[PDB]
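The chain below stands alone and is given in structure tokens; this is the form deposited in one PDB entry.
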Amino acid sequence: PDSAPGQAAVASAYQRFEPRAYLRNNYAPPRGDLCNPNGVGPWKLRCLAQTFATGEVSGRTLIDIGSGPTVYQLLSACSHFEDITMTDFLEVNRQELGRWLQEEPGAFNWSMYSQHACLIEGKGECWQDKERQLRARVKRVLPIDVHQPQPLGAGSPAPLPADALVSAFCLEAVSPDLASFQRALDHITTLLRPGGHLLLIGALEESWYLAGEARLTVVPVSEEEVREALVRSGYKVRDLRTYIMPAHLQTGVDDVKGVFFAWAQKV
């Protein structure tokens, strides 16, 4: 079956994606409340911090796939990669990132996430040094379409192949069917060198989430399907953890049942 139709549907829906609302729905309290150790924020940050602390994920270059208007996914990573490439389909998201990069006041304040990262990394790093390091190591913010055989376009900047990939809430939020998800994964995988690592975070059993006016339709995937897709793309799953969304965190911004975190290494 042709993908174009579904892809065109996805592309269209995102043209109504709103950064501001997106950030508030998912990265402001209650979801953006890092105080409760059992919330989703802390758990995500713990997964990333702990994986990097094994020292097994290192290199020079890293590419964040579908960054959106967020940087939390790179807080623990920036102390291990000198060259970081951020990416997103939407220009308005790339501007939102540019806004934070310029330390402008009208930008989202990630300090809460930064402090927590420094907190669990346990190196007595103050969050300001942490944010400073990230801003310095983000070498580029590029456009991307995971549905293309070459997601970054052709002859794009991004040093290739990247030593590591990081991607949160992208693949499953932009793929019509499960076959698309698998294809999307194979496409970004061509950006990672053999032996490289992939840090993937995502929503489990989700069909919709809100980005302001947007009521984006998402393909629900399970742990089993993610694991299966990772192996089908040539990865050895090194770690796959699941977080069950608590009742108090089901604010009505989406219908997500859980969140997965996968650490896979390209074979």
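Under this definition, the rigid core comprises the largest set of C-alpha atoms superposing within 1.5 Å between the forms. When you see a residue number, it is the position in the sequence shown, counting from 1.
Another form exists, deposited in another entry; not displayed. Remarks below refer to it.
Just one of the listed positions, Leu34, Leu210, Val221, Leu240, moves its Cα by at least 2 Å between this form and the one not shown when the rigid core is held fixed, and it is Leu210. Once the cores line up, the CA of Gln15 ends up less than 2 angstroms apart between this form and the one not shown. The rigid-core alignment places the CA of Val253 2 Å or more apart between this form and the one not shown. Relative to the shown form, the Cα atoms of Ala9 and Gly212 move together by 3 Å or more in the other entry.
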